[PDB]
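**Student:** Input structure: structure34.cif, which contains mmCIF, C-alpha atoms and all ligand atoms.
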```cif
data_coords
loop_
_atom_site.group_PDB
_atom_site.id
_atom_site.type_symbol
_atom_site.label_atom_id
_atom_site.label_comp_id
_atom_site.auth_asym_id
_atom_site.auth_seq_id
_atom_site.Cartn_x
_atom_site.Cartn_y
_atom_site.Cartn_z
ATOM 1 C CA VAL A 1 -21.930 -4.941 -9.356
ATOM 2 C CA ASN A 2 -18.418 -3.230 -9.046
ATOM 3 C CA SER A 3 -19.448 -0.569 -11.589
ATOM 4 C CA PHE A 4 -16.116 1.188 -11.931
ATOM 5 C CA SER A 5 -16.133 3.920 -14.645
ATOM 6 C CA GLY A 6 -13.502 6.219 -16.134
ATOM 7 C CA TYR A 7 -10.472 4.293 -14.946
ATOM 8 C CA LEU A 8 -7.279 3.993 -16.965
ATOM 9 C CA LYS A 9 -6.033 0.376 -17.213
ATOM 10 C CA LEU A 10 -2.278 0.271 -16.359
ATOM 11 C CA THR A 11 -1.791 -3.523 -16.244
ATOM 12 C CA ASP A 12 -4.146 -6.455 -16.643
ATOM 13 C CA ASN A 13 -5.046 -6.169 -12.931
ATOM 14 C CA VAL A 14 -4.294 -2.489 -11.915
ATOM 15 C CA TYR A 15 -6.623 0.469 -12.852
ATOM 16 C CA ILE A 16 -6.325 4.152 -11.777
ATOM 17 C CA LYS A 17 -8.607 7.192 -11.604
ATOM 18 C CA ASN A 18 -8.354 10.817 -10.439
ATOM 19 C CA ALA A 19 -11.172 10.555 -7.865
ATOM 20 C CA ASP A 20 -12.229 10.776 -4.223
ATOM 21 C CA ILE A 21 -12.398 7.205 -2.808
ATOM 22 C CA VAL A 22 -15.475 8.194 -0.775
ATOM 23 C CA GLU A 23 -17.425 9.294 -3.855
ATOM 24 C CA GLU A 24 -16.202 6.191 -5.755
ATOM 25 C CA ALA A 25 -17.435 3.873 -2.948
ATOM 26 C CA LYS A 26 -20.884 5.546 -2.888
ATOM 27 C CA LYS A 27 -21.287 5.215 -6.687
ATOM 28 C CA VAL A 28 -19.625 1.843 -7.369
ATOM 29 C CA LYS A 29 -20.799 -0.006 -4.251
ATOM 30 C CA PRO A 30 -17.693 -2.276 -4.439
ATOM 31 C CA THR A 31 -17.413 -5.676 -2.812
ATOM 32 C CA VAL A 32 -14.347 -4.321 -0.926
ATOM 33 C CA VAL A 33 -13.112 -0.828 -0.105
ATOM 34 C CA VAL A 34 -9.639 -0.532 1.365
ATOM 35 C CA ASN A 35 -9.017 1.851 4.281
ATOM 36 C CA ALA A 36 -5.530 3.330 4.762
ATOM 37 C CA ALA A 37 -5.671 2.464 8.513
ATOM 38 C CA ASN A 38 -3.333 2.741 11.501
ATOM 39 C CA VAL A 39 -2.675 -0.083 13.987
ATOM 40 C CA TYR A 40 -5.344 1.058 16.504
ATOM 41 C CA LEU A 41 -7.958 1.718 13.815
ATOM 42 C CA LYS A 42 -8.347 5.327 14.958
ATOM 43 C CA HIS A 43 -9.775 7.064 11.874
ATOM 44 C CA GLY A 44 -8.748 10.624 12.883
ATOM 45 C CA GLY A 45 -8.103 12.307 9.545
ATOM 46 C CA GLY A 46 -7.136 11.857 5.907
ATOM 47 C CA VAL A 47 -8.540 8.907 3.949
ATOM 48 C CA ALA A 48 -9.548 6.942 7.084
ATOM 49 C CA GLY A 49 -11.356 9.960 8.607
ATOM 50 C CA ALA A 50 -13.176 10.613 5.314
ATOM 51 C CA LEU A 51 -14.365 6.987 5.010
ATOM 52 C CA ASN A 52 -15.435 6.947 8.718
ATOM 53 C CA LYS A 53 -17.383 10.241 8.318
ATOM 54 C CA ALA A 54 -19.168 8.829 5.294
ATOM 55 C CA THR A 55 -20.446 6.009 7.579
ATOM 56 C CA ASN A 56 -21.606 8.627 10.156
ATOM 57 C CA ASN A 57 -19.050 7.197 12.648
ATOM 58 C CA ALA A 58 -20.396 3.578 12.462
ATOM 59 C CA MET A 59 -16.927 2.431 11.203
ATOM 60 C CA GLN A 60 -15.196 3.930 14.265
ATOM 61 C CA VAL A 61 -17.536 2.244 16.786
ATOM 62 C CA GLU A 62 -17.140 -1.107 15.045
ATOM 63 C CA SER A 63 -13.330 -0.607 14.912
ATOM 64 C CA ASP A 64 -13.111 0.170 18.648
ATOM 65 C CA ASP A 65 -15.013 -3.076 19.407
ATOM 66 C CA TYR A 66 -12.660 -5.090 17.106
ATOM 67 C CA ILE A 67 -9.577 -3.633 18.883
ATOM 68 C CA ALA A 68 -11.000 -4.402 22.331
ATOM 69 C CA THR A 69 -11.396 -8.091 21.488
ATOM 70 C CA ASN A 70 -8.397 -8.636 19.171
ATOM 71 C CA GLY A 71 -5.797 -6.022 20.009
ATOM 72 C CA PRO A 72 -4.020 -3.734 17.492
ATOM 73 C CA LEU A 73 -2.931 -4.718 14.005
ATOM 74 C CA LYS A 74 0.708 -4.951 13.004
ATOM 75 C CA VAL A 75 2.246 -2.589 10.417
ATOM 76 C CA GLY A 76 1.838 -4.386 7.039
ATOM 77 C CA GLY A 77 -1.229 -6.265 8.361
ATOM 78 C CA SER A 78 -4.969 -5.992 7.920
ATOM 79 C CA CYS A 79 -8.420 -6.984 9.105
ATOM 80 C CA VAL A 80 -11.827 -7.350 7.371
ATOM 81 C CA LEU A 81 -14.762 -5.447 8.885
ATOM 82 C CA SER A 82 -18.103 -4.213 7.587
ATOM 83 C CA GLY A 83 -18.232 -1.937 4.535
ATOM 84 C CA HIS A 84 -21.349 -0.165 5.990
ATOM 85 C CA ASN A 85 -22.941 1.981 3.255
ATOM 86 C CA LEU A 86 -19.674 2.141 1.267
ATOM 87 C CA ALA A 87 -19.041 -1.471 0.326
ATOM 88 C CA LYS A 88 -19.888 -5.081 1.364
ATOM 89 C CA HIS A 89 -16.574 -5.165 3.325
ATOM 90 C CA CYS A 90 -13.863 -2.752 4.432
ATOM 91 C CA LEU A 91 -10.309 -4.139 4.324
ATOM 92 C CA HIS A 92 -8.416 -2.028 6.897
ATOM 93 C CA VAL A 93 -4.708 -2.164 5.738
ATOM 94 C CA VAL A 94 -1.809 -0.634 7.665
ATOM 95 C CA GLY A 95 0.928 0.659 5.372
ATOM 96 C CA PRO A 96 4.166 1.959 6.946
ATOM 97 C CA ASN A 97 4.242 5.558 8.060
ATOM 98 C CA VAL A 98 7.720 6.597 6.902
ATOM 99 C CA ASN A 99 7.334 9.982 8.579
ATOM 100 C CA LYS A 100 7.058 8.151 11.942
ATOM 101 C CA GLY A 101 10.118 5.880 11.253
ATOM 102 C CA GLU A 102 8.396 2.718 10.017
ATOM 103 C CA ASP A 103 10.200 0.559 7.410
ATOM 104 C CA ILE A 104 9.215 1.196 3.785
ATOM 105 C CA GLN A 105 9.801 -2.543 3.059
ATOM 106 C CA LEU A 106 6.529 -3.246 4.904
ATOM 107 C CA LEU A 107 4.689 -1.616 1.942
ATOM 108 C CA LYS A 108 5.012 -4.975 0.091
ATOM 109 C CA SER A 109 3.351 -6.831 3.040
ATOM 110 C CA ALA A 110 0.644 -4.134 3.147
ATOM 111 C CA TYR A 111 -0.233 -4.649 -0.573
ATOM 112 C CA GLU A 112 -0.078 -8.447 -0.165
ATOM 113 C CA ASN A 113 -3.293 -8.205 1.900
ATOM 114 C CA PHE A 114 -5.151 -7.163 -1.271
ATOM 115 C CA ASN A 115 -4.548 -10.623 -2.781
ATOM 116 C CA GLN A 116 -7.163 -12.244 -0.507
ATOM 117 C CA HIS A 117 -9.984 -10.330 -2.360
ATOM 118 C CA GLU A 118 -10.916 -10.674 -6.053
ATOM 119 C CA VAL A 119 -11.843 -6.989 -6.640
ATOM 120 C CA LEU A 120 -10.958 -3.899 -4.512
ATOM 121 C CA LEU A 121 -11.360 -0.145 -4.558
ATOM 122 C CA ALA A 122 -8.285 1.294 -2.834
ATOM 123 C CA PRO A 123 -6.195 4.389 -2.066
ATOM 124 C CA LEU A 124 -2.439 4.599 -2.815
ATOM 125 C CA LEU A 125 -0.953 3.065 0.348
ATOM 126 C CA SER A 126 1.468 5.106 2.550
ATOM 127 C CA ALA A 127 1.123 8.212 0.321
ATOM 128 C CA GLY A 128 0.156 11.711 1.623
ATOM 129 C CA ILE A 129 1.120 12.322 5.223
ATOM 130 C CA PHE A 130 2.400 8.697 5.652
ATOM 131 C CA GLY A 131 5.466 9.994 3.712
ATOM 132 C CA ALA A 132 6.180 7.212 1.153
ATOM 133 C CA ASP A 133 7.170 8.269 -2.344
ATOM 134 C CA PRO A 134 3.866 7.844 -4.269
ATOM 135 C CA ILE A 135 5.638 6.732 -7.485
ATOM 136 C CA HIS A 136 7.354 3.970 -5.437
ATOM 137 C CA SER A 137 3.981 2.999 -3.848
ATOM 138 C CA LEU A 138 2.439 2.564 -7.321
ATOM 139 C CA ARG A 139 5.389 0.368 -8.428
ATOM 140 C CA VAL A 140 4.956 -1.845 -5.334
ATOM 141 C CA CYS A 141 1.216 -2.109 -6.008
ATOM 142 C CA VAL A 142 1.749 -3.166 -9.665
ATOM 143 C CA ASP A 143 4.466 -5.699 -8.637
ATOM 144 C CA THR A 144 2.583 -7.173 -5.704
ATOM 145 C CA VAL A 145 -1.147 -7.183 -6.280
ATOM 146 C CA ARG A 146 -2.437 -10.042 -8.445
ATOM 147 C CA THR A 147 -6.199 -9.586 -7.941
ATOM 148 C CA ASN A 148 -8.115 -6.687 -9.580
ATOM 149 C CA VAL A 149 -7.426 -3.312 -7.929
ATOM 150 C CA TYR A 150 -9.010 0.055 -8.781
ATOM 151 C CA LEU A 151 -6.912 2.882 -7.364
ATOM 152 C CA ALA A 152 -8.615 6.192 -6.596
ATOM 153 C CA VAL A 153 -6.154 9.071 -6.217
ATOM 154 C CA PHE A 154 -7.812 12.361 -5.220
ATOM 155 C CA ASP A 155 -5.380 14.836 -6.816
ATOM 156 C CA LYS A 156 -5.087 15.481 -10.537
ATOM 157 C CA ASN A 157 -1.457 16.676 -10.204
ATOM 158 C CA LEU A 158 -0.391 13.419 -8.519
ATOM 159 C CA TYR A 159 -2.540 11.321 -10.879
ATOM 160 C CA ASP A 160 -0.805 12.832 -13.904
ATOM 161 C CA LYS A 161 2.656 12.254 -12.382
ATOM 162 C CA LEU A 162 1.765 8.598 -11.568
ATOM 163 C CA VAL A 163 0.453 7.805 -15.076
ATOM 164 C CA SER A 164 3.474 9.520 -16.721
ATOM 165 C CA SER A 165 5.788 7.486 -14.399
ATOM 166 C CA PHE A 166 4.065 4.169 -15.261
ATOM 167 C CA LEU A 167 4.137 4.807 -19.022
ATOM 168 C CA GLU A 168 7.890 5.627 -19.239
HETATM 169 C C1 LIG B 1 -2.151 11.316 -1.827
HETATM 170 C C2 LIG B 1 -3.560 11.806 -1.527
HETATM 171 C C3 LIG B 1 -4.113 12.586 -2.727
HETATM 172 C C4 LIG B 1 -4.502 10.658 -1.139
HETATM 173 N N1 LIG B 1 -5.815 11.205 -0.829
HETATM 174 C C5 LIG B 1 -6.982 10.619 -1.126
HETATM 175 N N2 LIG B 1 -7.002 9.633 -2.046
HETATM 176 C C6 LIG B 1 -8.182 9.138 -2.411
HETATM 177 N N3 LIG B 1 -9.403 9.518 -2.027
HETATM 178 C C7 LIG B 1 -9.365 10.512 -1.108
HETATM 179 N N4 LIG B 1 -10.453 11.121 -0.522
HETATM 180 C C8 LIG B 1 -9.987 12.085 0.363
HETATM 181 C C9 LIG B 1 -10.911 12.952 1.137
HETATM 182 O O1 LIG B 1 -10.473 13.731 1.986
HETATM 183 N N5 LIG B 1 -12.216 12.794 0.910
HETATM 184 C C10 LIG B 1 -13.210 13.728 1.448
HETATM 185 C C11 LIG B 1 -14.600 13.185 1.382
HETATM 186 C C12 LIG B 1 -15.494 14.420 1.370
HETATM 187 N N6 LIG B 1 -14.643 15.575 1.035
HETATM 188 C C13 LIG B 1 -15.235 16.425 0.019
HETATM 189 C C14 LIG B 1 -13.341 15.027 0.651
HETATM 190 C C15 LIG B 1 -8.610 12.104 0.326
HETATM 191 C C16 LIG B 1 -8.203 11.094 -0.598
HETATM 192 C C17 LIG B 1 -3.953 9.805 -0.004
HETATM 193 C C18 LIG B 1 -3.603 8.475 -0.218
HETATM 194 C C19 LIG B 1 -3.148 7.680 0.824
HETATM 195 C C20 LIG B 1 -2.974 8.164 2.116
HETATM 196 C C21 LIG B 1 -3.338 9.510 2.329
HETATM 197 C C22 LIG B 1 -3.818 10.309 1.291
HETATM 198 S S1 LIG B 1 -3.332 10.205 3.908
HETATM 199 O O2 LIG B 1 -4.701 10.240 4.351
HETATM 200 O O3 LIG B 1 -2.622 11.453 3.856
HETATM 201 C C23 LIG B 1 -2.416 9.083 4.905
HETATM 202 C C24 LIG B 1 -2.856 7.659 4.586
HETATM 203 C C25 LIG B 1 -2.394 7.264 3.186
#
```
Go ahead and express the file in the form of structure tokens.
**Tutor:**
Amino acid sequence: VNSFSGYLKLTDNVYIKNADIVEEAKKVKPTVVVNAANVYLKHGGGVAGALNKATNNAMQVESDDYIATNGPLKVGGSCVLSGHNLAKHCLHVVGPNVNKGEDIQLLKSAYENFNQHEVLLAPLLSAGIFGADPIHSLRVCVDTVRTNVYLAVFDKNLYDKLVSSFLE
């Protein structure tokens, strides 16, 4: 169960690995995988598109049905849906998209959703094309998450910069 391997322990509850979250989910079979979602759960590209493709679009159909009944999420919010073949559950979390003018302060609310789950496999929220400074996102994660989080960051260059930043 939750067979995470090759992670570097940063704090007593935050671990990090240079890895593709999709490959990690297939191997580890975590209780929860976090999706870096948008408010309409449209998994069009990046991490969300990669996780949806790994479910052969089952995540997208389920997401459309959730939105029809419940309406969109708020920025900083989340919902729990099926993990499909990747996990028992997927926690869809909306971090702020700084490139589209959303407030970076909502990154704390986004990470706070992780605290309702004992163990999670997750990406670095609001990084990549969402525009947040990835060293800042790691600092918010470490300061906010209290449950056990395994971060998969699919870029060795960024991984090395994040670990060097944490260890200063
Ligand atoms: C910073 C970046 C390295 C990181 N990327 C990732 N981090 C962790 N696991 C990842 N898998 C893939 C991928 O494409 N998986 C594919 C499956 C099959 N393919 C071989 C490859 C990307 C990726 C990341 C972190 C957060 C966010 C983004 C990107 S974003 O999608 O630009 C906007 C939402 C927030």
**Student:** Contacts between ligand LIG 1 (chain B) and chain A, please, where a residue of chain A counts if it comes within 8 Å (with only C-alpha atoms and all ligand atoms); show its shortest atom pair and distance in Å to one decimal, rows by chain and ascending number, as JSON lines.
**Tutor:**
```
{"residue": "A:19", "atom": "CA", "partner": "B:LIG1", "partner_atom": "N3", "distance": 6.2}
{"residue": "A:20", "atom": "CA", "partner": "B:LIG1", "partner_atom": "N3", "distance": 3.8}
{"residue": "A:21", "atom": "CA", "partner": "B:LIG1", "partner_atom": "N3", "distance": 3.9}
{"residue": "A:22", "atom": "CA", "partner": "B:LIG1", "partner_atom": "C11", "distance": 5.5}
{"residue": "A:23", "atom": "CA", "partner": "B:LIG1", "partner_atom": "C11", "distance": 7.1}
{"residue": "A:36", "atom": "CA", "partner": "B:LIG1", "partner_atom": "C24", "distance": 5.1}
{"residue": "A:37", "atom": "CA", "partner": "B:LIG1", "partner_atom": "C24", "distance": 7.1}
{"residue": "A:45", "atom": "CA", "partner": "B:LIG1", "partner_atom": "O2", "distance": 6.5}
{"residue": "A:46", "atom": "CA", "partner": "B:LIG1", "partner_atom": "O2", "distance": 3.3}
{"residue": "A:47", "atom": "CA", "partner": "B:LIG1", "partner_atom": "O2", "distance": 4.1}
{"residue": "A:48", "atom": "CA", "partner": "B:LIG1", "partner_atom": "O2", "distance": 6.5}
{"residue": "A:49", "atom": "CA", "partner": "B:LIG1", "partner_atom": "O1", "distance": 7.7}
{"residue": "A:50", "atom": "CA", "partner": "B:LIG1", "partner_atom": "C11", "distance": 4.9}
{"residue": "A:51", "atom": "CA", "partner": "B:LIG1", "partner_atom": "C11", "distance": 7.2}
{"residue": "A:54", "atom": "CA", "partner": "B:LIG1", "partner_atom": "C11", "distance": 7.4}
{"residue": "A:95", "atom": "CA", "partner": "B:LIG1", "partner_atom": "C25", "distance": 7.7}
{"residue": "A:122", "atom": "CA", "partner": "B:LIG1", "partner_atom": "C6", "distance": 7.9}
{"residue": "A:123", "atom": "CA", "partner": "B:LIG1", "partner_atom": "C6", "distance": 5.2}
{"residue": "A:124", "atom": "CA", "partner": "B:LIG1", "partner_atom": "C18", "distance": 4.8}
{"residue": "A:125", "atom": "CA", "partner": "B:LIG1", "partner_atom": "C19", "distance": 5.1}
{"residue": "A:126", "atom": "CA", "partner": "B:LIG1", "partner_atom": "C25", "distance": 4.5}
{"residue": "A:127", "atom": "CA", "partner": "B:LIG1", "partner_atom": "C19", "distance": 4.3}
{"residue": "A:128", "atom": "CA", "partner": "B:LIG1", "partner_atom": "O3", "distance": 3.6}
{"residue": "A:129", "atom": "CA", "partner": "B:LIG1", "partner_atom": "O3", "distance": 4.1}
{"residue": "A:130", "atom": "CA", "partner": "B:LIG1", "partner_atom": "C23", "distance": 4.9}
{"residue": "A:134", "atom": "CA", "partner": "B:LIG1", "partner_atom": "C1", "distance": 7.4}
{"residue": "A:152", "atom": "CA", "partner": "B:LIG1", "partner_atom": "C6", "distance": 5.1}
{"residue": "A:153", "atom": "CA", "partner": "B:LIG1", "partner_atom": "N2", "distance": 4.3}
{"residue": "A:154", "atom": "CA", "partner": "B:LIG1", "partner_atom": "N2", "distance": 4.3}
{"residue": "A:155", "atom": "CA", "partner": "B:LIG1", "partner_atom": "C3", "distance": 4.8}
{"residue": "A:158", "atom": "CA", "partner": "B:LIG1", "partner_atom": "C3", "distance": 6.9}
```
**Student:** For stretch 161-166 of chain A, find every residue with an atom within 9 Å (counting all atoms listed in the file), except residues of its own chain fewer than 6 positions away, and show them as an MDAnalysis selection string.
**Tutor:** chainID A and resid 8 10 16 134:135 138:139
**Student:** May I ask which of the residues A:151, A:141, A:1, A:41 is the closest one to residue A:63, counting all atoms listed in the file?
**Tutor:**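 Smallest separation from residue A:63 among the options: A:41.
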**Student:** Care to translate the PyMOL selection byres (((chain A and resi 15) around 10) and not hetatm) into actual residues of this file, as JSON, numbers by chain?
**Tutor:** {"A": [4, 6, 7, 8, 9, 10, 11, 12, 13, 14, 16, 17, 121, 142, 148, 149, 150, 151, 152]}
**Student:** First collect every listed atom of stretch 10-28 of chain A; then fit an axis-aligned box around them, widen it by 4 Å on each side, and give centre and edge lengths in Å to one decimal, as JSON.
**Tutor:**
```
{"center_x": -11.5, "center_y": 2.2, "center_z": -8.7, "size_x": 27.5, "size_y": 25.3, "size_z": 23.9}
```
**Student:** Please indicate the distance in Å from atom CA of residue A:25 to atom CA of residue A:92, rounded to one decimal place.
**Tutor:**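 The value is 14.6 Å.
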**Student:** Just write stretch 73-158 of chain A with C-alpha atoms, as a compact mmCIF listing (two decimals), in the first residue's frame, taken from the block above.
**Tutor:**
```txt
# COMPACT_ATOMS: atom_id res chain seq x y z
CA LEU A 73 -15.00 24.81 -8.13
CA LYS A 74 -13.58 27.99 -6.67
CA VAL A 75 -9.87 28.89 -7.01
CA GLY A 76 -8.19 27.42 -3.88
CA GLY A 77 -10.91 24.74 -3.61
CA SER A 78 -11.17 21.05 -4.39
CA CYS A 79 -13.37 18.02 -4.88
CA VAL A 80 -12.86 14.25 -4.40
CA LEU A 81 -13.65 11.99 -7.37
CA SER A 82 -12.60 8.51 -8.43
CA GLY A 83 -8.90 7.67 -8.81
CA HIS A 84 -9.76 5.21 -11.68
CA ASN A 85 -6.69 3.05 -12.41
CA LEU A 86 -4.32 5.63 -10.85
CA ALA A 87 -5.39 5.73 -7.23
CA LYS A 88 -8.38 4.98 -4.91
CA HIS A 89 -9.34 8.70 -5.15
CA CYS A 90 -8.37 11.77 -7.17
CA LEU A 91 -8.32 15.05 -5.22
CA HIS A 92 -8.87 17.72 -7.90
CA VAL A 93 -7.25 20.93 -6.43
CA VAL A 94 -7.39 24.35 -8.09
CA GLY A 95 -4.27 26.41 -7.43
CA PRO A 96 -4.18 30.03 -8.65
CA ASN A 97 -3.10 30.66 -12.21
CA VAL A 98 -0.89 33.72 -11.77
CA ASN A 99 -0.48 34.05 -15.53
CA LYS A 100 -4.27 34.62 -15.77
CA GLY A 101 -4.33 37.20 -12.88
CA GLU A 102 -5.40 35.00 -9.97
CA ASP A 103 -4.09 35.85 -6.46
CA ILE A 104 -0.99 33.92 -5.36
CA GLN A 105 -2.32 34.03 -1.74
CA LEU A 106 -4.87 31.38 -2.77
CA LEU A 107 -1.95 28.89 -3.01
CA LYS A 108 -2.21 28.45 0.81
CA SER A 109 -5.96 27.58 0.51
CA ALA A 110 -5.13 25.19 -2.35
CA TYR A 111 -2.56 23.27 -0.21
CA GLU A 112 -4.93 23.28 2.78
CA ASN A 113 -7.14 20.81 0.87
CA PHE A 114 -4.37 18.20 1.22
CA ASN A 115 -4.90 18.12 5.01
CA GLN A 116 -8.17 16.16 4.66
CA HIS A 117 -6.19 13.06 3.42
CA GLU A 118 -3.57 11.10 5.39
CA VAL A 119 -1.27 10.29 2.42
CA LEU A 120 -1.14 11.94 -1.06
CA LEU A 121 0.87 11.78 -4.26
CA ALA A 122 0.88 15.31 -5.70
CA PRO A 123 2.37 17.73 -8.24
CA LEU A 124 3.85 21.12 -7.26
CA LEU A 125 0.75 23.34 -7.28
CA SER A 126 0.56 26.41 -9.60
CA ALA A 127 4.00 25.65 -11.14
CA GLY A 128 4.65 25.32 -14.92
CA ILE A 129 2.25 27.30 -17.06
CA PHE A 130 0.19 28.42 -13.99
CA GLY A 131 3.10 30.88 -13.45
CA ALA A 132 3.81 30.66 -9.68
CA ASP A 133 7.43 30.69 -8.58
CA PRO A 134 8.09 26.95 -7.93
CA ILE A 135 10.46 27.67 -4.99
CA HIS A 136 7.64 29.71 -3.37
CA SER A 137 5.13 26.87 -4.07
CA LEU A 138 7.40 24.38 -2.26
CA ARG A 139 7.71 26.75 0.75
CA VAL A 140 3.89 27.07 0.94
CA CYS A 141 3.54 23.28 0.73
CA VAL A 142 6.04 22.68 3.58
CA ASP A 143 4.38 25.41 5.74
CA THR A 144 0.81 24.34 5.09
CA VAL A 145 0.51 20.61 4.62
CA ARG A 146 0.45 18.58 7.84
CA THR A 147 -0.48 15.15 6.42
CA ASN A 148 2.05 13.04 4.44
CA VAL A 149 2.68 14.39 0.92
CA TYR A 150 4.89 12.85 -1.79
CA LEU A 151 5.71 15.44 -4.44
CA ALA A 152 6.54 14.24 -7.95
CA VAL A 153 8.30 16.89 -10.04
CA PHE A 154 8.95 15.80 -13.64
CA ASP A 155 12.09 17.84 -14.39
CA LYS A 156 15.53 17.11 -12.98
CA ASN A 157 16.65 20.75 -13.39
CA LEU A 158 13.72 22.04 -11.31
```
